[PDB]
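Taking the form deposited in one PDB entry, here's one chain by itself in structure tokens.
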């Protein structure tokens, strides 16, 4: 009747206006009026319904609740809720999923917060704003304290009522808690969950996503792990690295272990050198003061590059189960001696030669005289049968010459019989600026003018090319999906974390003691010349 049609009309109007507002607040048009008109007309011309529910029957047989602590904050609004929106649109959340933002910040108008704050960071609202309103019906806000027994009793009563209204076979409910909070709050809120908001005894798992930093050295990290272990075990904690995507991990694991050709050469008999590189053209972008207490090694090397190394270098796991892979990550990291300062070259970037990038020290939030490294190259030695003597080079840098993340394996040259008509084979696994995996090999030159000794180097693509170029879901979103699926492969385990800090902490101590000081390099160059000399001195050979 009139009631149904008029609520539908206001709902459609509000849905359009919410998309317009979100496009205006993101695009920051100087002329709001002009912008709202072009957008409205383009939305008209664009039929958006795409949500094929693709979860397995395990996922939709029990209630699911996702609780985002710190929901008021920068990561929650800009990354976590939009990643949940993407999973929602990809059909990867249960149709009855309940999402609760939990934070201390008072919110007098929860719908406004959902439509004006959260929705602003939902990507691709031109073709998906239709789904945005549906998604937001799954989101509620609990204003509460992280350290209140009573608030967590009240939250539990809210969760239980939704769980008990579930229409599905099993009882209880699964609970995913996301700590979008400073680490200084983790121990208190984990205590609160454990006291007051664990899953109903009648059924359901609990998982807790822990955000970085996980300490800043062996002692501080172990203290945080020790603070959380009376509340959650290692099947429950998920220590997340946003940068480690499913695609690169599967390139590393499957291409080697599924195949005789690559399994057989993944060892010191065949490999001369391994480099893992994380390069950015951006600097610290006005947040230099926050970076100054972290440095490039804690920022991306002790965590992100070291996990890549463990997956690259691990022995064959007993099975493809996640904890069998994490077992081998731990085993291989224990074969690594702590990095010494003679095996490290540090840099600190100065203004780019064209003036477009100011120097690190020119940031007014950076303490005068700071020796914080924005660049590091270092050698790690893996002392076991498979890798003894193989240099493993980790390199990371801000404000260098290109944005680029890759693994580069150089194989030992076949000197005979081709001599100067061949060179080291290479295997490259790239994540940025785009995914690629390929080998560089020596092949014949076609045609009669080419005798046997005339060759060239070619790049053999190792990747499967599908019929259609299908959407790339980002690394972060695949990891939240992994946590929902109960797959801990790409998350750092408690023992794994401790071994990794013990590889890096002596070096970090020496840096903080002043024992090694960064070399200036202009923003936009490769970094210090001493770093490329170091790489050349540690087994790498130019093409």
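Only residues modelled in both forms are compared. Residue numbers count along the first chain shown, from 1. We call the rigid core the largest set of C-alpha positions that still match within 1.5 Å between the two forms.
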Unmodelled deposited residues between residue 512 and residue 513: none, 1 to 3, 4 to 9, or 10 or more?
none
Higher-scoring stretch by recorded Cα B factor average, 408-416 or 157-165
157-165
Residue range whose averaged C-alpha B-factor is higher in the record, 108-116 or 338-346:
108-116
Reading the B-factor column for Cα atoms of 192, 455, 319, 123, the highest value belongs to 123
Based on what the PDB entry reports, which of 473, 182, 295, 389 has the top C-alpha B-factor?
473
Name the third of the chain's ranked CA B-factors that contains residue 44, choosing lowest, middle or highest.
highest
Sort the modelled residues of this chain by their C-alpha B factor and say whether residue 438 lands in the lowest, middle or highest third.
lowest
On the chain's distribution of Cα B-factors, residue 206 falls within the third called middle
Tertile call for residue 290 (CA temperature factor, within chain, third-based) is the middle
Taking the C-alpha B-factors as the PDB entry records them, is residue 363 in the lowest, middle or highest third of its chain?
highest
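The next section is about a form of this same protein that is not shown, the form deposited in another entry.
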Relative to the superposed rigid core, does the CA atom of residue 15 travel 2 Å or more between this form and the one not shown?
yes
Is there a C-alpha shift of 2 Å or more at residue 535 between this form and the one not shown once the rigid core is superposed?
no
For residue 434, is the CA shift between this form and the one not shown at least 2 Å following rigid-core superposition?
no
With a C-alpha distance change of 3 Å or more, do residue 89 and residue 39 lie closer or farther in the other form?
closer
With a C-alpha distance change of 3 Å or more, do residue 112 and residue 25 lie closer or farther in the other form?
farther
Segments shifting between this form and the one not shown (at least 3 consecutive residues, Cα moved 2 Å or more after rigid core fit) are at 6-18, 20-44, 447-449, 470-472
